[PDB]
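Starting off, we have a lone chain in the form deposited in one PDB entry, written out as structure tokens.
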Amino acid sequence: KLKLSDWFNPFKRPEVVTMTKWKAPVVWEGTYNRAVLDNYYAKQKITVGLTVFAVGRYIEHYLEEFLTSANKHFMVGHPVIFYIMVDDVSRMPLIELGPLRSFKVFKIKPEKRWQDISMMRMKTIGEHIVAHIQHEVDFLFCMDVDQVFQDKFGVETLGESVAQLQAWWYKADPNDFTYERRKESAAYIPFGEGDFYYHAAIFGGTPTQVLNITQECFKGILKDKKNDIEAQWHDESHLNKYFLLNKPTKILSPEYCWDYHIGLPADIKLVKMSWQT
């Protein structure tokens, strides 16, 4: 079966972190052999899911560019199912999908407050995993709609649980991470603890693992809400708590979710997905 040495060469990028202390790969441009992996997973006939939520004007502002870029760049050569969650189905753009892509659309109940928006999104993802996604795909990613694929975002990103390094903080010391710091919050992390600052705009894994991520995050949000507290960065704070306790088996570099407002440092060799404008 697939071994890490079959496809991952950390020595191609010695100026960055490529392996965690728990021996998870951090995937940077140049460290991965996509050809080897494409052939391995083709033989296995895997399908990959992608969930995206879009409410109100986010539909018109972002959803078409997201879908158009994902069709062009996400897991090319492998079956993909787009799970599109919107509040108004009559407003959603119908994009032409390429070979091995298809979609499903669901009408959801929008929530007014950011706390309740993220709360219901983690709950909704878990419900869909149990109802159907666990039957439909081998790997599932959950992404924010307000970003754009720029280049191939492929099977090198698959794993049991996949976290994204947040672009502004990947070089920072953990003491400075914008973790939730009040012990009243379920997302509490003490100063000095933590491995990375993960970005809630991309995460994934097998459907089983993603069910656990979302169920734990939802419980923590709920627990905070019953105590009249709102984590500093809402689901992202709880996600960071979760991945501290349940280490990801693979991490993606900021090449996979890059904010061009930062600039283009030497570390960022080829951008696969960028924050919207």
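Rigid core here is just the name for the largest C-alpha set that superposes within 1.5 Å across the two forms. The first residue of the shown sequence is 1; numbering continues from there. Residues that one form lacks are left out of the comparison.
Keep in mind that the form deposited in another entry is missing from the display, and what follows is about it.
When the two forms are superposed on their rigid core between the shown form and the other one, the C-alpha shift of 2 Å or more among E184, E127, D116, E160 belongs solely to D116. Shown here is a form in which the CA atoms of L140 and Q115 lie at least 3 Å closer together than they do in the other form. Legend note: Cα of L140 to Cα of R113 is at least 3 Å farther in the other form than in the depicted form. Taking the core as fixed, the only part between the shown form and the other one where three or more residues in a row have CA shifts of 2 Å or more is 112 to 119.
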